[PDB]
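Comments concern the structure below.
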Amino acid sequence: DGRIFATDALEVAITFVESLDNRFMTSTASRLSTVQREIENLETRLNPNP
Amino acid sequence: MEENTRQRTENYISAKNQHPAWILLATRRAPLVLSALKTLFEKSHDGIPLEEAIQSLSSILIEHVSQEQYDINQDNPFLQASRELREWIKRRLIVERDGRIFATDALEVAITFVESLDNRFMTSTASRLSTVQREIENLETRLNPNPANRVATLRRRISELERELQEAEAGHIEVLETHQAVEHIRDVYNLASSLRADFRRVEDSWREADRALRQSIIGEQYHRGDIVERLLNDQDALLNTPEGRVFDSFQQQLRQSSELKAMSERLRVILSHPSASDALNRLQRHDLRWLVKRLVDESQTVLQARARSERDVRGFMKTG
Amino acid sequence: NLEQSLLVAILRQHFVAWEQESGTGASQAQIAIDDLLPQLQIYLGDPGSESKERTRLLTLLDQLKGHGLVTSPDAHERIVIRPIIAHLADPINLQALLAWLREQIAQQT
């Protein structure tokens, strides 16, 4: 419709070079809390024993 | 703001010409190197011991000796493996430490890129949205100090959990149907695997900060009394930076053995569920099974690596 | 030429589709330009730019109007298929072209 867009390929390429920057890591205590809560919730949902 | 764009092209040219990962991606022989390294490091828990590295990389080279268009060797795959290993070490693509070689941050980024490139099982699962919703709930409910807001949030939470308790006691509990459960398992694995993502960034930050300190120490006339405090202030400054701050906060959080005990006991049952084999193959299943041990061991390794910087003060202050 | 012939085939298919409902009436055989783009996109690829493929299609339609098979686009981006197409794409012509094309594909193999 006469409007250019960024394809998926360019999105991957941009995300790549971007991840060479200074930033916050994903190895953060908050990530640990997230995965811990997630294990808790997922286990509790999985085991069927009432 | 776009004044920085002039500076950003310079930044990207610098990254292109220096950052090992991008240079690797640009090479003619890139896919071979990346596939070989991915295969090699898929089975690493610590830095793979050097001898094992040479042997297994020779076997991997043997796997692909058929590709003669890549100038692959045909007289001694062991010598070829050793030569390639030292070549890659020269490329700042893998580093020796205690005789056990590790994967630098560059390789991790390149591998993550290429892996995410192809059609596959995608990064997000159907459970990613629910995970984000729960996390947003907690973050908002904790960010605001308005005590009325917090007590109201807890009141609605407790009423909802009372509803759920009544429902479960009456016997209408509900569980994940198979294909929901598999998606949750995969999302859990993907979240967990991100913890390893930056044990190598932290060590490089330590290394560069220590190198900068020693280099600036060339002006020896500065007061060693300043460094009696700089011993802690190096960690403090990197605690103004995300690296030291978040890594030490992660260490403190991980030291809570009770929550880690809960997490391990829960990982065991989640993996014992039948759909675990559906969500994750053998390799992934084992990897997640003792993730906790992986984190503990590798964080201990990072600490004992920063121990050299801890000794840097004794290499600076003493001039006997 | 055979891209023009492909466009002729699609036009004839639309023409017969309309003639089924309208009988052999006056030439109300009209098709929106937008309806052609999906059809041609299958054979002539997807250059990923709707404007580019529109230019391609309009060049083809100009060439065909040179042969009198279609009127040039009107205000609403619509064209009228001149009934002459039924005689340039009648069964005997179609079955000659089909044999020739099968022969061409055999040579390609």
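Identifiers in this document derive from the order of the structure tokens: chains are assigned A, B, ..., residues are numbered from 1 separately in each chain, and ligands are numbered from 1 in order of occurrence.
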Taking only C-alpha atoms into account, produce a table as a Markdown table in which each residue of chain B with an atom at most 7 Å from an atom of chain A appears once, together with its shortest atom pair and the distance in Å to one decimal, ordered by chain and rising number.
```
| residue | atom | partner | partner_atom | distance |
| --- | --- | --- | --- | --- |
| B:113 | CA | A:16 | CA | 6.5 |
| B:168 | CA | A:50 | CA | 6.8 |
| B:173 | CA | A:50 | CA | 6.5 |
| B:175 | CA | A:45 | CA | 5.2 |
| B:176 | CA | A:46 | CA | 5.8 |
| B:184 | CA | A:42 | CA | 6.9 |
| B:188 | CA | A:38 | CA | 6.9 |
| B:191 | CA | A:35 | CA | 6.4 |
| B:192 | CA | A:35 | CA | 6.4 |
| B:194 | CA | A:26 | CA | 6.1 |
| B:195 | CA | A:27 | CA | 4.6 |
| B:196 | CA | A:27 | CA | 6.8 |
| B:197 | CA | A:27 | CA | 6.5 |
| B:198 | CA | A:27 | CA | 5.7 |
| B:242 | CA | A:24 | CA | 5.8 |
| B:246 | CA | A:28 | CA | 5.5 |
| B:247 | CA | A:28 | CA | 6.6 |
| B:249 | CA | A:29 | CA | 5.9 |
| B:250 | CA | A:29 | CA | 4.2 |
| B:253 | CA | A:29 | CA | 6.1 |
| B:263 | CA | A:36 | CA | 6.3 |
| B:266 | CA | A:43 | CA | 6.4 |
| B:270 | CA | A:43 | CA | 5.9 |
```
Distance filter 12 Å, only C-alpha atoms, chain A against chain C, as a list in words | residues 1, 2, 3, 4, 5, 6 and 7 of chain A
Please identify which residues in chain C DSSP calls strand (DSSP E) from the backbone, and express them as a VMD selection string.
-> chain C and resid 30 to 32 78 to 80
From chain A, collect each residue whose DSSP state is helix (DSSP H, G or I) and return the set as an MDAnalysis selection string.
-> chainID A and resid 8:18 29:46
Take the residues from that selection and write them out as a short mmCIF file (atom, residue, chain, number, x, y, z; two decimals), in the first residue's frame, keeping N, CA and C atoms.
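New file result.cif:
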```
data_model
loop_
_atom_site.label_atom_id
_atom_site.label_comp_id
_atom_site.auth_asym_id
_atom_site.auth_seq_id
_atom_site.Cartn_x
_atom_site.Cartn_y
_atom_site.Cartn_z
N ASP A 8 11.00 -9.78 8.25
CA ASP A 8 11.51 -10.55 9.38
C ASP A 8 13.02 -10.65 9.33
N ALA A 9 13.59 -10.82 8.14
CA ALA A 9 15.04 -10.95 8.02
C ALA A 9 15.74 -9.73 8.59
N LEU A 10 15.32 -8.53 8.18
CA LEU A 10 15.96 -7.33 8.67
C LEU A 10 15.78 -7.18 10.17
N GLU A 11 14.65 -7.64 10.70
CA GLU A 11 14.46 -7.58 12.15
C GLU A 11 15.49 -8.44 12.87
N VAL A 12 15.74 -9.64 12.37
CA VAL A 12 16.77 -10.49 12.96
C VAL A 12 18.13 -9.83 12.85
N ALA A 13 18.44 -9.28 11.68
CA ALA A 13 19.75 -8.66 11.49
C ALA A 13 19.94 -7.50 12.47
N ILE A 14 18.91 -6.67 12.62
CA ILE A 14 19.02 -5.52 13.52
C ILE A 14 19.14 -5.98 14.96
N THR A 15 18.33 -6.96 15.36
CA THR A 15 18.41 -7.46 16.72
C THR A 15 19.80 -8.01 17.01
N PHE A 16 20.43 -8.63 16.01
CA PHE A 16 21.77 -9.17 16.21
C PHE A 16 22.76 -8.07 16.58
N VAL A 17 22.97 -7.12 15.67
CA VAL A 17 23.97 -6.08 15.92
C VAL A 17 23.62 -5.30 17.18
N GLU A 18 22.33 -5.14 17.47
CA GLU A 18 21.93 -4.43 18.68
C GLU A 18 22.44 -5.14 19.92
N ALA A 29 19.04 -11.35 38.94
CA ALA A 29 18.27 -11.92 40.03
C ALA A 29 16.78 -11.89 39.72
N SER A 30 16.33 -10.86 39.01
CA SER A 30 14.93 -10.80 38.61
C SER A 30 14.57 -11.95 37.69
N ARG A 31 15.48 -12.30 36.77
CA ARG A 31 15.23 -13.46 35.92
C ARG A 31 15.14 -14.73 36.76
N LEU A 32 15.98 -14.85 37.79
CA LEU A 32 15.88 -16.01 38.67
C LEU A 32 14.53 -16.05 39.37
N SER A 33 14.06 -14.91 39.86
CA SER A 33 12.74 -14.89 40.49
C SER A 33 11.67 -15.28 39.48
N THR A 34 11.80 -14.80 38.25
CA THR A 34 10.83 -15.14 37.21
C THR A 34 10.78 -16.64 36.98
N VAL A 35 11.94 -17.26 36.75
CA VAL A 35 11.96 -18.68 36.45
C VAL A 35 11.52 -19.48 37.67
N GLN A 36 11.83 -19.00 38.87
CA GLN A 36 11.41 -19.71 40.07
C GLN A 36 9.89 -19.69 40.20
N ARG A 37 9.29 -18.51 40.07
CA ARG A 37 7.83 -18.42 40.05
C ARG A 37 7.25 -19.31 38.97
N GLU A 38 7.91 -19.35 37.81
CA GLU A 38 7.39 -20.13 36.69
C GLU A 38 7.43 -21.62 36.99
N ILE A 39 8.53 -22.10 37.56
CA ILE A 39 8.60 -23.50 37.96
C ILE A 39 7.49 -23.79 38.95
N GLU A 40 7.33 -22.92 39.95
CA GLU A 40 6.28 -23.11 40.94
C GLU A 40 4.93 -23.28 40.26
N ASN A 41 4.55 -22.30 39.44
CA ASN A 41 3.23 -22.31 38.82
C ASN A 41 3.05 -23.52 37.92
N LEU A 42 4.06 -23.83 37.10
CA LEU A 42 3.92 -24.89 36.12
C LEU A 42 3.82 -26.25 36.80
N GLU A 43 4.66 -26.49 37.81
CA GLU A 43 4.51 -27.72 38.59
C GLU A 43 3.12 -27.81 39.19
N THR A 44 2.69 -26.75 39.88
CA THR A 44 1.39 -26.81 40.54
C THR A 44 0.28 -27.09 39.54
N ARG A 45 0.39 -26.57 38.33
CA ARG A 45 -0.62 -26.87 37.32
C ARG A 45 -0.50 -28.31 36.83
N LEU A 46 0.71 -28.86 36.78
CA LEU A 46 0.91 -30.16 36.15
C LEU A 46 0.42 -31.31 37.03
#
```
What's the 12 Å shell around residue 236 (chain B), counting only C-alpha atoms, without same-chain residues fewer than 5 positions away, as a ChimeraX atom specification?
-> /B:206,209,229-231,241-246,248
For residue 33 (chain C), please output as an NGL selection string all residues within 9 Å (counting only C-alpha atoms; exclusion window: fewer than 6 positions along the same chain).
-> :C and (54 or 57-58 or 73 or 76-79)
Keeping only N, CA, C and O atoms, take the residues you just selected and write them out as an mmCIF file, in the first residue's frame.
```cif
data_model
loop_
_atom_site.group_PDB
_atom_site.id
_atom_site.type_symbol
_atom_site.label_atom_id
_atom_site.label_comp_id
_atom_site.auth_asym_id
_atom_site.auth_seq_id
_atom_site.Cartn_x
_atom_site.Cartn_y
_atom_site.Cartn_z
ATOM 1 N N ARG C 54 1.875 -3.987 -9.653
ATOM 2 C CA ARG C 54 0.837 -3.249 -10.362
ATOM 3 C C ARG C 54 1.381 -2.661 -11.654
ATOM 4 O O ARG C 54 0.713 -2.692 -12.691
ATOM 5 N N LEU C 57 1.634 -5.500 -14.138
ATOM 6 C CA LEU C 57 0.333 -5.903 -14.656
ATOM 7 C C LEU C 57 -0.215 -4.867 -15.626
ATOM 8 O O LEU C 57 -0.812 -5.215 -16.650
ATOM 9 N N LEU C 58 -0.039 -3.583 -15.314
ATOM 10 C CA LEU C 58 -0.563 -2.545 -16.189
ATOM 11 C C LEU C 58 0.195 -2.493 -17.505
ATOM 12 O O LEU C 58 -0.401 -2.221 -18.550
ATOM 13 N N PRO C 73 -7.604 0.634 -18.268
ATOM 14 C CA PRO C 73 -8.283 0.808 -16.977
ATOM 15 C C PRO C 73 -9.084 2.100 -16.932
ATOM 16 O O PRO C 73 -8.653 3.138 -17.435
ATOM 17 N N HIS C 76 -12.218 3.538 -11.842
ATOM 18 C CA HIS C 76 -12.270 2.665 -10.678
ATOM 19 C C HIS C 76 -11.280 1.510 -10.768
ATOM 20 O O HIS C 76 -11.478 0.482 -10.113
ATOM 21 N N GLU C 77 -10.218 1.659 -11.558
ATOM 22 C CA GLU C 77 -9.242 0.590 -11.747
ATOM 23 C C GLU C 77 -9.929 -0.698 -12.192
ATOM 24 O O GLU C 77 -9.683 -1.774 -11.648
ATOM 25 N N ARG C 78 -10.810 -0.583 -13.180
ATOM 26 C CA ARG C 78 -11.523 -1.718 -13.742
ATOM 27 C C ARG C 78 -11.335 -1.745 -15.252
ATOM 28 O O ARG C 78 -11.127 -0.708 -15.884
ATOM 29 N N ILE C 79 -11.414 -2.942 -15.828
ATOM 30 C CA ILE C 79 -11.283 -3.114 -17.266
ATOM 31 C C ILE C 79 -12.424 -3.984 -17.763
ATOM 32 O O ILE C 79 -13.046 -4.730 -17.006
#
```
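For the pair CA of residue 80 (chain C) and CA of residue 2 (chain C), the interatomic distance is 21.2 Å.
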Would you pick out the contacts of residue 81 (chain C) at 7 Å or less, using only C-alpha atoms, so that residues sharing its chain but fewer than 6 positions from it are not included, and give the list as a CSV table (one decimal) with N, CA and C atoms, in the first residue's frame?
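The new file selection_26.csv reads:
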```csv
chain,number,residue,atom,x,y,z
C,29,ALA,N,-18.5,-7.8,-19.2
C,29,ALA,CA,-17.4,-8.6,-18.6
C,29,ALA,C,-16.4,-7.6,-18.0
C,30,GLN,N,-16.5,-7.3,-16.7
C,30,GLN,CA,-15.6,-6.4,-16.0
C,30,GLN,C,-15.0,-7.1,-14.8
C,69,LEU,N,-7.8,-7.0,-26.8
C,69,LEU,CA,-8.4,-7.9,-26.0
C,69,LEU,C,-9.1,-7.3,-24.7
C,70,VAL,N,-8.6,-6.1,-24.3
C,70,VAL,CA,-9.1,-5.5,-23.1
C,70,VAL,C,-9.0,-4.0,-23.2
C,71,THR,N,-10.0,-3.3,-22.7
C,71,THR,CA,-10.0,-1.8,-22.6
C,71,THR,C,-9.0,-1.4,-21.5
```
May I have the residues within 12 Å of residue 56 (chain C) as a PyMOL selection string, using only C-alpha atoms and disregarding those fewer than 4 positions away in the same chain?
-> chain C and resi 3-4+7+33+36-37+40-41+44-47+49-52+60-63
Selection file, N, CA, C and O atoms, as a CSV table (one decimal), in the first residue's frame:
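Output contents, as saved in selection.csv:
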```csv
chain,number,residue,atom,x,y,z
C,3,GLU,N,3.9,-14.6,-21.6
C,3,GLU,CA,3.3,-13.9,-20.4
C,3,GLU,C,2.0,-13.3,-20.8
C,3,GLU,O,1.0,-13.4,-20.1
C,4,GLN,N,2.0,-12.6,-22.0
C,4,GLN,CA,0.7,-12.1,-22.5
C,4,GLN,C,-0.3,-13.2,-22.6
C,4,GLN,O,-1.5,-13.1,-22.4
C,7,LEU,N,-1.7,-14.1,-19.3
C,7,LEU,CA,-2.8,-13.1,-18.9
C,7,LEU,C,-4.0,-13.3,-19.8
C,7,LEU,O,-5.1,-13.2,-19.2
C,33,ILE,N,-8.9,-4.6,-11.3
C,33,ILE,CA,-7.4,-4.8,-11.5
C,33,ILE,C,-6.9,-5.6,-10.3
C,33,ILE,O,-6.0,-6.5,-10.5
C,36,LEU,N,-6.6,-9.4,-10.5
C,36,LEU,CA,-5.6,-10.0,-11.3
C,36,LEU,C,-4.3,-10.3,-10.5
C,36,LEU,O,-3.6,-11.3,-10.7
C,37,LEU,N,-3.9,-9.3,-9.7
C,37,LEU,CA,-2.6,-9.4,-9.0
C,37,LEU,C,-2.4,-10.7,-8.3
C,37,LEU,O,-1.4,-11.3,-8.4
C,40,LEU,N,-1.7,-13.5,-11.1
C,40,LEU,CA,-0.4,-13.4,-11.7
C,40,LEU,C,0.7,-13.7,-10.7
C,40,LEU,O,1.8,-14.2,-11.1
C,41,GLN,N,0.5,-13.3,-9.4
C,41,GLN,CA,1.6,-13.4,-8.5
C,41,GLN,C,2.1,-14.8,-8.3
C,41,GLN,O,3.2,-15.1,-8.0
C,44,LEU,N,4.3,-15.3,-11.9
C,44,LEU,CA,5.4,-14.3,-12.1
C,44,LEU,C,6.1,-13.9,-10.8
C,44,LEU,O,6.8,-12.9,-10.8
C,45,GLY,N,5.9,-14.6,-9.7
C,45,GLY,CA,6.6,-14.4,-8.5
C,45,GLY,C,6.0,-13.3,-7.7
C,45,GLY,O,4.9,-12.7,-7.9
C,46,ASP,N,6.7,-12.9,-6.6
C,46,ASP,CA,6.4,-11.9,-5.7
C,46,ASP,C,7.5,-11.0,-5.4
C,46,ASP,O,8.4,-11.2,-4.6
C,47,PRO,N,7.7,-9.9,-6.2
C,47,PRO,CA,8.8,-8.9,-6.0
C,47,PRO,C,8.7,-8.1,-4.7
C,47,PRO,O,9.4,-7.2,-4.5
C,49,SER,N,6.5,-5.9,-3.6
C,49,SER,CA,6.2,-4.4,-3.7
C,49,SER,C,4.9,-4.3,-4.6
C,49,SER,O,5.0,-4.4,-5.8
C,50,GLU,N,3.8,-4.1,-3.9
C,50,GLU,CA,2.5,-4.1,-4.6
C,50,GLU,C,2.6,-3.1,-5.8
C,50,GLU,O,2.0,-3.3,-6.8
C,51,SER,N,3.2,-1.9,-5.6
C,51,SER,CA,3.3,-1.0,-6.7
C,51,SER,C,4.1,-1.6,-7.9
C,51,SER,O,3.7,-1.4,-9.0
C,52,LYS,N,5.2,-2.3,-7.6
C,52,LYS,CA,6.0,-2.9,-8.7
C,52,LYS,C,5.1,-3.9,-9.5
C,52,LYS,O,5.1,-3.8,-10.7
C,60,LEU,N,1.4,-5.2,-18.9
C,60,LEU,CA,0.8,-6.3,-19.7
C,60,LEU,C,-0.5,-5.9,-20.2
C,60,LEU,O,-0.8,-6.3,-21.4
C,61,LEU,N,-1.4,-5.2,-19.5
C,61,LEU,CA,-2.7,-4.9,-20.0
C,61,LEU,C,-2.6,-3.9,-21.1
C,61,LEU,O,-3.4,-3.9,-22.0
C,62,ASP,N,-1.6,-2.9,-21.0
C,62,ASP,CA,-1.4,-2.1,-22.2
C,62,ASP,C,-1.1,-2.9,-23.4
C,62,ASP,O,-1.6,-2.6,-24.5
C,63,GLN,N,-0.1,-3.8,-23.3
C,63,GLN,CA,0.2,-4.6,-24.4
C,63,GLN,C,-1.0,-5.4,-25.0
C,63,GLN,O,-1.2,-5.4,-26.2
```
